[PDB]
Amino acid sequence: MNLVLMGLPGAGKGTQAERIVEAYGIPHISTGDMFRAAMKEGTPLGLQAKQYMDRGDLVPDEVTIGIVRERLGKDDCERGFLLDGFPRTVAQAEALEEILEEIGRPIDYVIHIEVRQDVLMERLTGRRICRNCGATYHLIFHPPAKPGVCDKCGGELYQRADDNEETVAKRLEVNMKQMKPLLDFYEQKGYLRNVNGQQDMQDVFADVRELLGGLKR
């Protein structure tokens, strides 16, 4: 299963990714994760990226496409993969089509997790993620068993620097602007599918699973 998740910041892409990866054992490729790792490690790309992320802006396309091209070629992606929050622009999506054509791993479905903007500030400011394994929690909607401790590795949870009210408002604007063109791109391709992301996380996952059920695992 060769999959893309798309959706606004806070829509639940990571939360569903965790469940898809657990159930199907495919690699999770998250450009935000990659950029945050590089930033933590202090690499030149991480430091460049940090500037955009801190503002809530997108990292430029070509560097982003580069890291994805490199990632997607690995042997662990032979039996499927899950792209989470890439592509984010039409240019990214056009480059991805070429990339997948070259290695013979074309997309099965793009899954649009649809959430209205007026619930996303509360989703993002109460988001808490594990420092070690990146497991996602929410202080209201999905708290850990023990406060501040990841249920999966027992790591400490933290608040992403970009999940602050001002940067959230920028991220929503910047990504909303990219959405209609990117949705139209894939709608024209024919394999865009929508999932209502304003349901309990389990019900959202049920809808995702039922869509994936036509694919080989």
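In this text, residue numbers run from 1 along the sequence as written.
Across the two stretches, 183 to 191 and 33 to 41, the PDB entry reports the greater mean Cα temperature factor for 33 to 41. When the C-alpha B-factors of 135 to 143 and 99 to 107 are averaged, 99 to 107 comes out higher. The entry assigns its greatest Cα B factor, within the set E114, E122, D84, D76, to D76. Of the candidates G25, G197, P9, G14, the PDB record gives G25 the highest C-alpha temperature factor.
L215: CA B factor lies in the middle third for its chain, per the PDB record. The PDB entry assigns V90 a C-alpha temperature factor belonging to the middle third of its chain's modelled residues.
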